Amino acid sequence: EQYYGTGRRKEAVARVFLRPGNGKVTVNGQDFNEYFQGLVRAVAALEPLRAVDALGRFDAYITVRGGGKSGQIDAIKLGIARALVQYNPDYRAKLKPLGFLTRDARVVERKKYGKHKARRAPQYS
Amino acid sequence: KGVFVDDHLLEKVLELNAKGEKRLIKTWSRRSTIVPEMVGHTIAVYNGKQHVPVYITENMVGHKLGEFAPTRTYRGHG
Amino acid sequence: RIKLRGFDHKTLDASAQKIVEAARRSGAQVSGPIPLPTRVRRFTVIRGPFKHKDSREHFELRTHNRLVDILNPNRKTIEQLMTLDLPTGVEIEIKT
Amino acid sequence: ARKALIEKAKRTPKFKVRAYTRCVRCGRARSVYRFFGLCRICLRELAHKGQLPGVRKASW
Amino acid sequence: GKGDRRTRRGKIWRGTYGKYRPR
Amino acid sequence: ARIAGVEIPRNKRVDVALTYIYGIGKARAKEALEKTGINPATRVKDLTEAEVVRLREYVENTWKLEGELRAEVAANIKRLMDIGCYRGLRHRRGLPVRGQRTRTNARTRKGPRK
Amino acid sequence: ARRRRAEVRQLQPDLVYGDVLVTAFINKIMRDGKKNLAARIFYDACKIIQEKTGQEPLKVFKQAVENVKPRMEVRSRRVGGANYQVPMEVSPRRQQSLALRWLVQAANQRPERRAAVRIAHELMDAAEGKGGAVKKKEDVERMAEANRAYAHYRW
RNA sequence: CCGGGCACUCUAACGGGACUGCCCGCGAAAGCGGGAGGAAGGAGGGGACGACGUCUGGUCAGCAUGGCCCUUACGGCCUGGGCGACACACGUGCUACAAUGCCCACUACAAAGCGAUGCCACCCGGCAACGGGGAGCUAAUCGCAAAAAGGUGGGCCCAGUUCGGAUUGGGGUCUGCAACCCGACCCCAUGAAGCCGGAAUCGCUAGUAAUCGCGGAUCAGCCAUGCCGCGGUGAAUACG
């Protein structure tokens with residue numbers, strides 16, 4: 001019925017269900033275009049659908065929790081690049097060579113005692 | 001609602017103005033509010049070192065006690 | 001609802017498989033070890049006695065919560081778990 | 001003014017604002033951690049000896 | 001901005017409400 | 001003149017114009033639009049004598065305002081400095097009233113330094 | 001990079017035209033990270049390359065880059081006891097950064113009302129020979145060659 | 001939301017995994033370049049840890065401690081003041097000088113924590129600070145709580161300005177015995193400098209800088225723009 005992909009990228013959680021068909025997209029109970037309005041990074045995690053030509057092989061149901069607007073986006077990018085290699089384990093071809101797999105450990109750093117914002121050191125004489 | 005005057009001074013005050021209006025009450029209460037009976041007397045208020053007297057008038061009723069005997073000595077710089 | 005509090009987890013996780021293992025042998029039917037998100041209290045301290053704000057250090061207080069439920073209660077269940085193996089540093093809780 | 005001072009924190013006086021956190025093994029007035037009852041340098045040397053129940057040195 | 005109390009950005013930075021930012 | 005205590009602000013809106021007067025900021029201004037019926041939009045040239053002599057009839061009547069208020073606040077100094085009163089004693093000094101440090105900064109009550 | 005060669009990061013394409021040089025201008029239009037505001041101002045002004053002088057927002061940008069990219073530059077070096085500005089060919093990577101950057105500066109300084117409004121204008125004029133970045137490119141280039149007296153004073 | 005379910009998400013314990021281990025290139029070896037598979041490769045990011053020592057570095061004012069000295073006072077209590085003074089001088093910073101902006105409505109998406117004479121849901125009264133009433137939580141189940149920016153679409157129109165919030169006047173609240181000296185928070189009005197800064201100088205290499213909001217500690221309250229954290233948007237460049 002579905003195809004499932006676990007997505008995260010920097011304190012974000014994006015649960016995807018590549019339920020086949022037309023290509024309509026809902027996250028958290030609304031069209032992808034309603035939620036993600038304004039955003040130009042918002043077109044998007046539907047790009048893994050552009051690495052296996054399947055804009056017209058899948059509608060989408062997604063749940064998402066954490067981080068922010070464009071930080072959630074990169075989660076569904078791991079959530080749509082995983083829900084396609086699950087459907088066709090022969091589709092990681094043109095997915096990891098196209099770099100849509102993996103999961104970026106690019107996390108915001110612990111603020112350091114002394115440096116005003118992790119590294120932005122105090123001004124001295 | 002709320003107005004604060006110590007009440008060790010307003011005790012003398014309503015005992016002094018009552019029992020024949022004198023003046024010259026020395027005190028360590030600049031925290032008090034100069035209630036309108038104090039009008040026309042002489043309170044010797046403590047700024048820390050000195051008991052500066054004040055001749056109480058109408059021109060300053062809802063006013064406090066310690067603005068009226070400033071703690072610091074300025075005169076100038078140079 | 002046997003809400004097990006504590007500081008040390010390795011001592012706390014030996015007795016929450018103890019009132020887990022032993023009530024199952026003594027009734028039914030033991031909710032497996034559930035781990036609550038540990039509530040952390042930190043202490044950041046100027047290492048030196050005087051001035052030296054530039055140099056400090058980090059100390060934390062990890063008090064990890066643990067809940068466990070008894071499904072079909074029974075007698076002998078609260079008398080097998082009336083007298084229980086300690087350890088010196090674990091917190092209990094009884095409900096239903 | 002120091003010891004007769006630490007005595008003065010032990011005896012709550014005329015008002016409830018007028019109380020403060022002095023210290024126990026330290027007579028220390030500042031940086032008093034009330035949870036621990038300990039005064040930043042009280043705290044730290046006993047945290048390293050381990051006389052503080054499950055108080056770890058962090059690292060993350 | 002964040003130092004002009006009499007507005008929205010002024011209360012927020014500050015941690016306050018009133019008219020220009022209410023609850 | 002034009003309106004109120006004798007001030008003039010056209011080419012902008014009416015409300016923003018009523019700001020430009022002494023004794024009306026952005027709040028008292030939109031409370032005058034309420035009590036007269038003018039709608040803050042209109043660009044002052046775009047107001048007709050009626051709603052402008054309506055404007056006045058209310059605003060020239062309720063508050064004070066120009067000429068005065070300058071004198072009214074000043075008599076809260078005329079008395080303050082003639083009184084005790086420390087607060088009027090640092091009006092006699094040209095010094096900050098509401099309890100700030102003077103060791104440093106404190107410039108807008110003294111002017112650029114010397 | 002006393003040690004290494006200092007890694008050159010690739011950029012993303014831009015979802016709208018899939019161009020790694022369109023992300024590179026939008027990053028230099030950026031300010032305070034607010035990239036969502038950085039991206040409108042292109043397509044706000046790309047629309048201004050389309051409305052005014054009906055053409056190709058893809059191609060007016062890519063010309064305005066080659067119309068501000070400086071082939072010869074001069075950096076000052078210390079010899080004898082002298083401060084000689086050395087004639088050198090500014091590398092292609094230096095160019096990209098050099099092209100885009102003047103392009104934001106010259107545009108920001110413009111006397112027009114909205115941000116993109118300028119952005120477009122500048123891009124148009126750069127390809128047309130007459131911009132603000134276009135003066136600056138010739139300034140550097142003829143600042144060089146005026147200094148070919150220092151050509152073997154090049155590393 | 002009920003049932004109902006652990007697959008998820010999440011939680012928090014124990015495990016797994018990277019080893020230049022596999023190939024190609026070169027090298028006497030070690031080792032470097034490049035390849036594949038890989039979530040991540042070549043210390044994967046950060047933390048913690050900082051050698052014999054140096055600076056007669058710093059703290060007798062945290063504490064202890066040799067000695068000197070004071071023992072109706074250099075002890076001690078107390079009321080009030082000072083530690084906040086202001087002709088000036090320098091450091092760290094805050095908010096700015098606007099339109100990649102401010103203003104107003106409305107609409108989304110965090111994380112870390114802290115919550116009993118506490119966090120205060122929700123009504124009622126107040127332009128409000130707040131003031132009543134009042135529900136729930138020993139807290140992943142109640143509460144702080146709003147994130148902000150952002151997005152929508154309207155206001156402003158280059159104005160020392162709907163830029164900027166100093167200053168002062170007045171009326172107010174809350175804490176507290178007590179806000180003259182000396183508190184914050186609120187309402188009205190006053191709306192100064194400042195149109196980006198001489199000579200000089202500081203920080204930072206990737207999720208860093210920039211920018212944005214949130215907590216906590218100490219704390220009755222508070223003069224936090226400080227400090228210790230948390231995450232949101234997210235770059236520039238590196239010939240040498």
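Refer to the preceding data block for the structure.
Residues numbered from 1 in each chain as written, not as in the entry; some residues may be left out. Chains lettered and ligands numbered in written order. Part of a larger assembly, values for the part shown. Heavy atoms only, no water. Residues with missing side-chain atoms left out of burial classes, pairs and counts.

## Description of the overall build of chain C
Next up, step 1: A tally of helices and strands in chain C yields 3 helices and 4 strands.
Next up, step 2: Moving toward the C terminus, one meets the helices and strands of chain C in the order α-α-β-β-β-β-α.
Next up, step 3: Taken over the C-alpha trace, chain C has a radius of gyration of 19 Å; the compact-globule value for 96 residues is 12 Å, which it surpasses by more than 25%.
Next up, step 4: Dimensions of chain C, computed from C-alpha atoms along their principal axes, come out at roughly 65 × 20 × 20 Å.
Next up, step 5: Considering only intrachain contacts with a sequence separation of at least 6, the fraction spanning at least 24 residues in chain C is 68%. (Helix = DSSP H or I, 4+ residues; strand = E, 2+ residues; numbered from the N terminus. Rg over C-alpha atoms; globule rule 2.2 N^0.38 Å. Contact = heavy atoms within 4.5 Å.)

## Observations regarding the sheet that holds strand β2 (residues 39-46) of chain C
Next up, step 1: Strand order in the open sheet formed by 3 strands is β2(C)-β3(C)-β3(D), with antiparallel pairing between adjacent strands. Of all the strands in the sheet, just β2 of chain C together with β3 (55-57) of chain D have a single pairing partner and so form its edges. The mean angle between the axes of side-by-side strands here comes to 30 degrees, regardless of whether they run parallel or antiparallel.
Next up, step 2: In the sheet, β2 of chain C pairs with strand β3 (residues 56-63) of chain C via 8 bridges, with the strands oriented antiparallel. Bridge pairing in β3 of chain C places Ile46 of chain C opposite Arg56 of chain C.
Next up, step 3: Those strands touched by helix α2 (residues 41-49) of chain D are β2 and β3 of chain C together with β3 of chain D, and its axis lies near 65 degrees from that of β3 of chain C. (Pairing = 2+ DSSP bridges. Axes fitted to C-alpha atoms, helices over the stretch in contact; angles between N-to-C directions.)

## Remarks on the state of the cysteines
All names here are of chain D.
Next up, step 1: Residue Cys26 pairs covalently with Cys39 via a disulfide, S to S 1.5 Å. Taking the sign of the S-S torsion, about 90 degrees here, the bridge from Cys26 to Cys39 comes out right-handed. One end of the pair, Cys26, is in the loop between α1 (3-10) and β1 (32-33); the other, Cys39, is in strand β2 (residues 38-39), with 13 residues separating them in the sequence.
Next up, step 2: Through a disulfide, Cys39 is tied to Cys42; the S-S separation comes to 1.8 Å. (Disulfide = S-S within 2.5 Å.)

## Quick notes on the environment of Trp155 of chain G
Residue and element names in this part refer to chain G.
Next up, step 1: Turning to its location among the elements, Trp155 is positioned in the segment after α6 (133-143).
Next up, step 2: In this structure, the C-alpha to C-alpha distance between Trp155 and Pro87, residues 68 residues apart in sequence, is 9.9 Å.
Next up, step 3: Other than its neighbours up to four places away in sequence, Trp155 contacts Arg77, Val86 and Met88.

## Thoughts on the arrangement of the chains
Next up, step 1: Among the 6 pairs of chains that make contact, the interface with the largest number of contacts is formed by chains C and D.
Next up, step 2: Regarding chain D and chain F, which are not in contact, the minimum distance between any of their C-alpha atoms is 23 Å.
Next up, step 3: Chain D shows no contact with chain G. Their nearest C-alpha atoms sit 27 Å apart.

## What to know about unusual backbone geometry
Backbone phi values are negative for most residues with the exception of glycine, while trans is the configuration of most peptide bonds.
Next up, step 1: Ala28 of chain C connects to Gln29 of chain C through a cis peptide bond whose omega is -10 degrees.
Next up, step 2: For the bond from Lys64 of chain F to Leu65 of chain F, the omega torsion is 0 degrees, close enough to zero to count as cis.
Next up, step 3: Inspection of the secondary structure assignment puts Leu65 of chain F in the loop between α3 (48-62) and α4 (70-82).
Next up, step 4: Phi is positive for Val44 of chain F, which is not a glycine, with a value near 40 degrees.
Next up, step 5: Looking at the element boundaries, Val44 of chain F is found in the loop between α2 (26-34) and α3.
Next up, step 6: Unusually for a residue other than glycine, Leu65 of chain F sits at a positive phi of about 120 degrees.

## Concerning the sheet that holds strand β3 (residues 25-27) of chain A
Residues and elements named next belong to chain A.
Next up, step 1: If you walk across this open sheet you meet the 5 strands as β1-β2-β5-β3-β4, and the pairing is mixed. Pairing within the sheet leaves two strands with one partner each, and these edge strands are β1 (4-7) and β4 (30-31).
Next up, step 2: Direction of pairing for β3 relative to strand β5 (residues 60-64): parallel, over a ladder of 3 bridges. Residue pairing in the sheet places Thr26 in a bridge with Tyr61 of β5.
Next up, step 3: Its contacts with the sheet put helix α2 (residues 69-80) on β1, β2 (14-17) and β5, and the angle it makes with β2 is roughly 40 degrees.

## Some words on the pattern of salt bridges
Next up, step 1: In this structure, the salt-bridge partner of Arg70 of chain F is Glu66 of chain F, at a minimum N-O distance of 3.3 Å.
Next up, step 2: The partner of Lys137 of chain G in a salt bridge is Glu141 of chain G, and the shortest N-O contact between them spans 2.6 Å. With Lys137 of chain G and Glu141 of chain G both in helix α6 and 4 residues apart, this pair spans about one turn of that helix.
Next up, step 3: Because the salt bridges share partners, they merge into one network encompassing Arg47 and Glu57 of chain C together with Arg44 and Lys57 of chain D. (Salt bridge = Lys/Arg side-chain N within 4 Å of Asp/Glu carboxyl O.)

## Looking at the interface of chain C and chain D
Next up, step 1: At the interface, 16 residues of chain C touch 17 residues of chain D.
Next up, step 2: Listed by contribution, the elements that provide at least two residues to the side of chain C that touches chain D are β2 and β3 of chain C.
Next up, step 3: The greatest single-element share of the side of chain C that touches chain D, amounting to 6 residues, is contributed by β2 of chain C.
Next up, step 4: Here β3 of chain C runs beside β3 of chain D; their pairing, made up of 3 bridges, is antiparallel.

## Re the packing of helix α4 (residues 92-109) of chain G against α6 of chain G
Residues and elements named next belong to chain G.
Next up, step 1: One can describe the packing of α4 onto α6 by two numbers: an axis separation of 8 Å at closest approach and a directional angle of 130 degrees. When the axis of α4 is compared with that of α6, the two are oblique. Across the interface between the two elements, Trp102, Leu103 and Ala106 from α4 touch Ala133, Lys136, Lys137 and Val140 from α6.
Next up, step 2: A breakdown of the residues in the contact of α4 with α6 according to their chemical character gives 5 nonpolar, no polar and 2 charged. (Parallel < 35°, antiparallel > 145°, perpendicular 65-115°, else oblique. Nonpolar A, V, L, I, M, F, W, Y, C, P; charged D, E, K, R; others polar.)

## A look at the side chain of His41 of chain B
Residues and elements named next belong to chain B.
Next up, step 1: On the secondary structure map, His41 appears in the loop between β1 (26-27) and β2 (43-46).
Next up, step 2: Within the structure, the side chain of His41 is placed 3.4 Å from the backbone oxygen of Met38, a separation counted as a polar contact.
Next up, step 3: If near-sequence neighbours (up to four positions away) are discounted, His41 is found in contact with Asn17, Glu21, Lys22, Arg23, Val54, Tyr55 and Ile56. (Polar contact = N/O pair within 3.5 Å; in protein donor to acceptor, adjacent residues only side chain to side chain.)

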